[PDB]
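This is upload.pdb. It holds PDB, C-alpha atoms and all ligand atoms.
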ATOM      1  CA  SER A  25     -16.778 133.058-104.774  1.00  0.00           C
ATOM      2  CA  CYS A  26     -19.351 134.428-102.320  1.00  0.00           C
ATOM      3  CA  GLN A  27     -16.378 135.965-100.535  1.00  0.00           C
ATOM      4  CA  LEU A  28     -15.065 137.709-103.663  1.00  0.00           C
ATOM      5  CA  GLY A  29     -15.950 141.328-104.376  1.00  0.00           C
ATOM      6  CA  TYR A  30     -17.833 141.914-107.634  1.00  0.00           C
ATOM      7  CA  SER A  31     -16.056 142.184-110.974  1.00  0.00           C
ATOM      8  CA  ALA A  32     -17.457 144.057-113.988  1.00  0.00           C
ATOM      9  CA  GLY A  33     -14.787 142.743-116.335  1.00  0.00           C
ATOM     10  CA  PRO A  34     -13.091 144.654-119.223  1.00  0.00           C
ATOM     11  CA  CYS A  35     -15.953 144.505-121.696  1.00  0.00           C
ATOM     12  CA  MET A  36     -18.504 147.197-122.378  1.00  0.00           C
ATOM     13  CA  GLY A  37     -21.744 145.231-122.757  1.00  0.00           C
ATOM     14  CA  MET A  38     -23.181 146.482-119.452  1.00  0.00           C
ATOM     15  CA  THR A  39     -25.902 144.408-117.712  1.00  0.00           C
ATOM     16  CA  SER A  40     -27.350 144.368-114.215  1.00  0.00           C
ATOM     17  CA  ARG A  41     -26.212 141.362-112.243  1.00  0.00           C
ATOM     18  CA  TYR A  42     -26.296 140.175-108.636  1.00  0.00           C
ATOM     19  CA  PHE A  43     -23.369 139.726-106.332  1.00  0.00           C
ATOM     20  CA  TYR A  44     -23.459 138.483-102.729  1.00  0.00           C
ATOM     21  CA  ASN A  45     -22.402 141.176-100.257  1.00  0.00           C
ATOM     22  CA  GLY A  46     -21.138 139.426 -97.129  1.00  0.00           C
ATOM     23  CA  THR A  47     -21.107 142.651 -95.135  1.00  0.00           C
ATOM     24  CA  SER A  48     -24.751 143.413 -95.776  1.00  0.00           C
ATOM     25  CA  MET A  49     -25.563 139.721 -96.045  1.00  0.00           C
ATOM     26  CA  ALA A  50     -27.543 140.662 -99.079  1.00  0.00           C
ATOM     27  CA  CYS A  51     -27.335 139.981-102.737  1.00  0.00           C
ATOM     28  CA  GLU A  52     -26.974 143.371-104.541  1.00  0.00           C
ATOM     29  CA  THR A  53     -26.763 144.527-108.147  1.00  0.00           C
ATOM     30  CA  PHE A  54     -23.860 145.724-110.255  1.00  0.00           C
ATOM     31  CA  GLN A  55     -23.209 146.506-113.912  1.00  0.00           C
ATOM     32  CA  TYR A  56     -21.363 143.576-115.457  1.00  0.00           C
ATOM     33  CA  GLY A  57     -19.542 144.167-118.740  1.00  0.00           C
ATOM     34  CA  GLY A  58     -20.383 140.904-120.459  1.00  0.00           C
ATOM     35  CA  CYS A  59     -16.989 139.195-120.143  1.00  0.00           C
ATOM     36  CA  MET A  60     -14.265 138.294-117.646  1.00  0.00           C
ATOM     37  CA  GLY A  61     -15.742 138.258-114.167  1.00  0.00           C
ATOM     38  CA  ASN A  62     -15.601 136.057-111.094  1.00  0.00           C
ATOM     39  CA  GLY A  63     -18.090 133.618-109.646  1.00  0.00           C
ATOM     40  CA  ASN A  64     -19.850 136.239-107.535  1.00  0.00           C
ATOM     41  CA  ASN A  65     -22.123 137.016-110.478  1.00  0.00           C
ATOM     42  CA  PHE A  66     -25.749 135.892-110.607  1.00  0.00           C
ATOM     43  CA  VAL A  67     -28.705 136.570-112.871  1.00  0.00           C
ATOM     44  CA  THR A  68     -31.333 136.367-110.113  1.00  0.00           C
ATOM     45  CA  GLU A  69     -31.332 137.114-106.394  1.00  0.00           C
ATOM     46  CA  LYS A  70     -32.714 133.621-105.808  1.00  0.00           C
ATOM     47  CA  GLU A  71     -29.593 131.949-107.245  1.00  0.00           C
ATOM     48  CA  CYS A  72     -27.338 134.361-105.473  1.00  0.00           C
ATOM     49  CA  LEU A  73     -29.019 133.759-102.141  1.00  0.00           C
ATOM     50  CA  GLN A  74     -29.341 129.982-102.341  1.00  0.00           C
ATOM     51  CA  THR A  75     -25.691 129.939-103.302  1.00  0.00           C
ATOM     52  CA  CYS A  76     -24.147 132.460-100.865  1.00  0.00           C
ATOM     53  CA  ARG A  77     -26.468 132.743 -97.878  1.00  0.00           C
ATOM     54  CA  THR A  78     -25.272 131.755 -94.384  1.00  0.00           C
ATOM     55  CA  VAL A  79     -27.063 131.197 -91.034  1.00  0.00           C
ATOM     56  CA  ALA A  80     -26.252 134.748 -89.958  1.00  0.00           C
ATOM     57  CA  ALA A  81     -29.195 135.777 -92.149  1.00  0.00           C
ATOM     58  CA  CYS A  82     -31.499 134.351 -89.508  1.00  0.00           C
ATOM     59  CA  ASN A  83     -30.674 137.386 -87.367  1.00  0.00           C
ATOM     60  CA  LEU A  84     -31.529 139.852 -90.167  1.00  0.00           C
ATOM     61  CA  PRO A  85     -34.740 141.952 -90.217  1.00  0.00           C
ATOM     62  CA  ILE A  86     -37.591 140.871 -92.507  1.00  0.00           C
ATOM     63  CA  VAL A  87     -37.409 143.336 -95.420  1.00  0.00           C
ATOM     64  CA  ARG A  88     -40.170 143.888 -97.947  1.00  0.00           C
ATOM     65  CA  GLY A  89     -38.068 146.389 -99.884  1.00  0.00           C
ATOM     66  CA  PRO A  90     -39.349 149.320-102.034  1.00  0.00           C
ATOM     67  CA  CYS A  91     -40.677 147.450-105.101  1.00  0.00           C
ATOM     68  CA  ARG A  92     -44.208 146.181-105.807  1.00  0.00           C
ATOM     69  CA  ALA A  93     -43.800 142.998-107.833  1.00  0.00           C
ATOM     70  CA  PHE A  94     -44.953 141.133-104.754  1.00  0.00           C
ATOM     71  CA  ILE A  95     -44.128 137.476-104.170  1.00  0.00           C
ATOM     72  CA  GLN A  96     -44.842 135.566-100.995  1.00  0.00           C
ATOM     73  CA  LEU A  97     -41.679 134.072 -99.600  1.00  0.00           C
ATOM     74  CA  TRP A  98     -40.525 132.729 -96.260  1.00  0.00           C
ATOM     75  CA  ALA A  99     -38.461 134.470 -93.609  1.00  0.00           C
ATOM     76  CA  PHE A 100     -37.407 133.692 -90.066  1.00  0.00           C
ATOM     77  CA  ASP A 101     -39.202 135.509 -87.303  1.00  0.00           C
ATOM     78  CA  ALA A 102     -36.521 135.678 -84.623  1.00  0.00           C
ATOM     79  CA  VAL A 103     -39.005 136.831 -81.947  1.00  0.00           C
ATOM     80  CA  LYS A 104     -41.444 133.934 -82.429  1.00  0.00           C
ATOM     81  CA  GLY A 105     -38.672 131.596 -83.404  1.00  0.00           C
ATOM     82  CA  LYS A 106     -40.403 130.408 -86.530  1.00  0.00           C
ATOM     83  CA  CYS A 107     -40.508 130.634 -90.296  1.00  0.00           C
ATOM     84  CA  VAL A 108     -43.265 132.998 -91.402  1.00  0.00           C
ATOM     85  CA  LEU A 109     -44.604 133.978 -94.811  1.00  0.00           C
ATOM     86  CA  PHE A 110     -44.368 137.576 -96.030  1.00  0.00           C
ATOM     87  CA  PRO A 111     -44.699 139.409 -99.317  1.00  0.00           C
ATOM     88  CA  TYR A 112     -41.359 140.431-100.761  1.00  0.00           C
ATOM     89  CA  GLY A 113     -41.594 143.424-103.085  1.00  0.00           C
ATOM     90  CA  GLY A 114     -39.073 142.193-105.625  1.00  0.00           C
ATOM     91  CA  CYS A 115     -36.036 144.322-104.943  1.00  0.00           C
ATOM     92  CA  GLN A 116     -33.480 145.556-102.443  1.00  0.00           C
ATOM     93  CA  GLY A 117     -34.083 142.894 -99.823  1.00  0.00           C
ATOM     94  CA  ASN A 118     -31.669 140.901 -97.684  1.00  0.00           C
ATOM     95  CA  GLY A 119     -30.715 137.303 -97.003  1.00  0.00           C
ATOM     96  CA  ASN A 120     -33.459 136.391 -94.520  1.00  0.00           C
ATOM     97  CA  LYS A 121     -35.685 135.333 -97.403  1.00  0.00           C
ATOM     98  CA  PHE A 122     -36.302 131.700 -98.280  1.00  0.00           C
ATOM     99  CA  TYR A 123     -38.047 130.169-101.274  1.00  0.00           C
ATOM    100  CA  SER A 124     -39.694 127.310 -99.397  1.00  0.00           C
ATOM    101  CA  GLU A 125     -40.696 126.644 -95.823  1.00  0.00           C
ATOM    102  CA  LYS A 126     -38.339 123.670 -95.802  1.00  0.00           C
ATOM    103  CA  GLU A 127     -35.391 125.819 -96.834  1.00  0.00           C
ATOM    104  CA  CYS A 128     -36.215 128.322 -94.120  1.00  0.00           C
ATOM    105  CA  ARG A 129     -36.365 125.525 -91.599  1.00  0.00           C
ATOM    106  CA  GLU A 130     -33.115 124.017 -92.869  1.00  0.00           C
ATOM    107  CA  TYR A 131     -31.229 127.284 -92.449  1.00  0.00           C
ATOM    108  CA  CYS A 132     -32.692 128.585 -89.250  1.00  0.00           C
ATOM    109  CA  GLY A 133     -33.641 125.500 -87.256  1.00  0.00           C
ATOM    110  CA  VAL A 134     -36.972 124.010 -86.338  1.00  0.00           C
TER
HETATM  111  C1  LIG B 201     -21.420 145.751 -99.211  1.00  0.00           C
HETATM  112  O1  LIG B 201     -22.344 146.090 -98.183  1.00  0.00           O
HETATM  113  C2  LIG B 201     -21.814 147.057 -97.257  1.00  0.00           C
HETATM  114  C3  LIG B 201     -22.878 147.270 -96.210  1.00  0.00           C
HETATM  115  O2  LIG B 201     -24.117 147.563 -96.832  1.00  0.00           O
HETATM  116  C4  LIG B 201     -21.488 148.366 -97.980  1.00  0.00           C
HETATM  117  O3  LIG B 201     -20.869 149.284 -97.079  1.00  0.00           O
HETATM  118  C5  LIG B 201     -20.556 148.104 -99.150  1.00  0.00           C
HETATM  119  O4  LIG B 201     -20.432 149.288 -99.928  1.00  0.00           O
HETATM  120  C6  LIG B 201     -21.096 146.982-100.023  1.00  0.00           C
HETATM  121  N1  LIG B 201     -20.104 146.648-101.015  1.00  0.00           N
HETATM  122  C7  LIG B 201     -20.248 147.115-102.247  1.00  0.00           C
HETATM  123  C8  LIG B 201     -19.167 146.730-103.237  1.00  0.00           C
HETATM  124  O5  LIG B 201     -21.220 147.798-102.605  1.00  0.00           O
END
Written as structure tokens, how would this file's structure read?
Ligand SMILES: *[C@@H]1O[C@H](CO)[C@@H](O)[C@H](O)[C@H]1NC(C)=O
Amino acid sequence: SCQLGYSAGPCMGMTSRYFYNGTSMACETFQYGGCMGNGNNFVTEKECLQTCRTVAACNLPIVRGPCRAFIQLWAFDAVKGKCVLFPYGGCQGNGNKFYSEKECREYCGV
């Protein structure tokens, strides 16, 4: 699924949904029609990421993004070689974002 491109489906009940973009290694949004899609369709970026993220995300930059609904999440600091805490803005981030220190450790080593 994570490998599949997004699918809006034939319906017209447009909604914003998340799909994992393996090129950007980021979950992004798309307008889903309400019926007939594929598995690369998530309601939250959390789900999308915990489902589709890979270890290549450990090499990605720590992105706060442009939004201000700040939440403190974990991310891997490649320079220090450790999982650090940062405030994610709520939108347009990438895969190097974990929802627990443990998860960050599990993905990027310890
Ligand atoms: C997936 O991400 C890449 C890199 O950001 C981008 O070029 C491409 O347009 C994205 N795919 C879609 C369907 O937006």
Go through the shown structure with the PyMOL selection byres (((chain A and resi 97) around 7) and not hetatm) and write out the matching residues as an mmCIF file with C-alpha atoms, in the frame of the given file.
data_model
loop_
_atom_site.group_PDB
_atom_site.id
_atom_site.type_symbol
_atom_site.label_atom_id
_atom_site.label_comp_id
_atom_site.auth_asym_id
_atom_site.auth_seq_id
_atom_site.Cartn_x
_atom_site.Cartn_y
_atom_site.Cartn_z
ATOM 1 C CA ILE A 95 -44.128 137.476 -104.170
ATOM 2 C CA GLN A 96 -44.842 135.566 -100.995
ATOM 3 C CA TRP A 98 -40.525 132.729 -96.260
ATOM 4 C CA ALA A 99 -38.461 134.470 -93.609
ATOM 5 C CA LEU A 109 -44.604 133.978 -94.811
ATOM 6 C CA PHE A 110 -44.368 137.576 -96.030
ATOM 7 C CA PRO A 111 -44.699 139.409 -99.317
ATOM 8 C CA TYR A 112 -41.359 140.431 -100.761
ATOM 9 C CA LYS A 121 -35.685 135.333 -97.403
ATOM 10 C CA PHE A 122 -36.302 131.700 -98.280
ATOM 11 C CA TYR A 123 -38.047 130.169 -101.274
#
To verify the selection step, state as an mmCIF file with C-alpha atoms, keeping the file's coordinate frame which residues the PyMOL selection byres (((chain A and resi 63) around 9) and not hetatm) yields on this input.
data_model
loop_
_atom_site.group_PDB
_atom_site.id
_atom_site.type_symbol
_atom_site.label_atom_id
_atom_site.label_comp_id
_atom_site.auth_asym_id
_atom_site.auth_seq_id
_atom_site.Cartn_x
_atom_site.Cartn_y
_atom_site.Cartn_z
ATOM 1 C CA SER A 25 -16.778 133.058 -104.774
ATOM 2 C CA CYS A 26 -19.351 134.428 -102.320
ATOM 3 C CA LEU A 28 -15.065 137.709 -103.663
ATOM 4 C CA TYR A 30 -17.833 141.914 -107.634
ATOM 5 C CA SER A 31 -16.056 142.184 -110.974
ATOM 6 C CA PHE A 43 -23.369 139.726 -106.332
ATOM 7 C CA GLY A 61 -15.742 138.258 -114.167
ATOM 8 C CA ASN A 62 -15.601 136.057 -111.094
ATOM 9 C CA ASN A 64 -19.850 136.239 -107.535
ATOM 10 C CA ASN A 65 -22.123 137.016 -110.478
ATOM 11 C CA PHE A 66 -25.749 135.892 -110.607
#
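From CA of residue 69 in chain A back to CA of residue 32 in chain A, the distance works out to 17.3 Å.
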Quiz item: What residues have any atom no more than 6 Å from ligand LIG 201 (chain B) when counting all atoms listed in the file, and can you list them as a PyMOL selection string?
Solution: chain A and resi 45+47-48
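The shortest atom-to-atom distance to residue 44 in chain A, with only C-alpha atoms taken into account, belongs to A:118 out of A:102, A:89, A:126, A:118.
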Quiz item: Residues at most 7 Å from residue 117 in chain A, counting all atoms listed in the file, excluding those fewer than 2 positions away in the same chain, as a PyMOL selection string?
Solution: chain A and resi 50+87-89+115
Practice problem: Please write as a PyMOL selection string the full residue list that the PyMOL selection byres (((chain A and resi 52-58) around 7) and not hetatm) yields on this file. | Solution: chain A and resi 32-45+50-51+59
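Proximity to residue 128 in chain A was assessed for A:82, A:103, A:91, A:76 counting all atoms listed in the file; the smallest distance is recorded for A:82.
Closest approach to residue 129 in chain A among A:29, A:92, A:106, A:60 is made by A:106 (distances from all atoms listed in the file).
CA of residue 70 in chain A to CA of residue 130 in chain A spans 16.1 Å [interatomic distance, one decimal].
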Atoms are missing here; could range 60-72 of chain A be completed with N, CA and C atoms and written as a PDB file, keeping the file's coordinate frame?
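Contents of selection-v9.pdb, freshly written:
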ATOM      1  N   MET A  60     -15.290 138.296-118.685  1.00  0.00           N
ATOM      2  CA  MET A  60     -14.265 138.294-117.646  1.00  0.00           C
ATOM      3  C   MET A  60     -14.654 138.693-116.229  1.00  0.00           C
ATOM      4  N   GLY A  61     -15.423 137.877-115.532  1.00  0.00           N
ATOM      5  CA  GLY A  61     -15.742 138.258-114.167  1.00  0.00           C
ATOM      6  C   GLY A  61     -15.262 137.193-113.205  1.00  0.00           C
ATOM      7  N   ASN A  62     -15.924 137.087-112.060  1.00  0.00           N
ATOM      8  CA  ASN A  62     -15.601 136.057-111.094  1.00  0.00           C
ATOM      9  C   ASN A  62     -16.914 135.351-110.837  1.00  0.00           C
ATOM     10  N   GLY A  63     -16.894 134.381-109.939  1.00  0.00           N
ATOM     11  CA  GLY A  63     -18.090 133.618-109.646  1.00  0.00           C
ATOM     12  C   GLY A  63     -19.189 134.347-108.909  1.00  0.00           C
ATOM     13  N   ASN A  64     -18.855 135.462-108.268  1.00  0.00           N
ATOM     14  CA  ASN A  64     -19.850 136.239-107.535  1.00  0.00           C
ATOM     15  C   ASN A  64     -20.601 137.080-108.569  1.00  0.00           C
ATOM     16  N   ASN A  65     -21.403 136.398-109.379  1.00  0.00           N
ATOM     17  CA  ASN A  65     -22.123 137.016-110.478  1.00  0.00           C
ATOM     18  C   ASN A  65     -23.359 136.151-110.744  1.00  0.00           C
ATOM     19  N   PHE A  66     -24.536 136.663-110.404  1.00  0.00           N
ATOM     20  CA  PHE A  66     -25.749 135.892-110.607  1.00  0.00           C
ATOM     21  C   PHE A  66     -26.811 136.681-111.359  1.00  0.00           C
ATOM     22  N   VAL A  67     -27.660 135.959-112.078  1.00  0.00           N
ATOM     23  CA  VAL A  67     -28.705 136.570-112.871  1.00  0.00           C
ATOM     24  C   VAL A  67     -29.941 136.934-112.043  1.00  0.00           C
ATOM     25  N   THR A  68     -30.208 136.135-111.016  1.00  0.00           N
ATOM     26  CA  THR A  68     -31.333 136.367-110.113  1.00  0.00           C
ATOM     27  C   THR A  68     -30.884 136.356-108.652  1.00  0.00           C
ATOM     28  N   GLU A  69     -31.631 137.050-107.810  1.00  0.00           N
ATOM     29  CA  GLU A  69     -31.332 137.114-106.394  1.00  0.00           C
ATOM     30  C   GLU A  69     -31.567 135.760-105.758  1.00  0.00           C
ATOM     31  N   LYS A  70     -32.449 134.956-106.345  1.00  0.00           N
ATOM     32  CA  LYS A  70     -32.714 133.621-105.808  1.00  0.00           C
ATOM     33  C   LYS A  70     -31.430 132.782-105.826  1.00  0.00           C
ATOM     34  N   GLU A  71     -30.831 132.689-107.006  1.00  0.00           N
ATOM     35  CA  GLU A  71     -29.593 131.949-107.245  1.00  0.00           C
ATOM     36  C   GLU A  71     -28.516 132.419-106.287  1.00  0.00           C
ATOM     37  N   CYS A  72     -28.331 133.724-106.292  1.00  0.00           N
ATOM     38  CA  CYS A  72     -27.338 134.361-105.473  1.00  0.00           C
ATOM     39  C   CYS A  72     -27.520 133.962-104.023  1.00  0.00           C
TER      40      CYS A  72
END
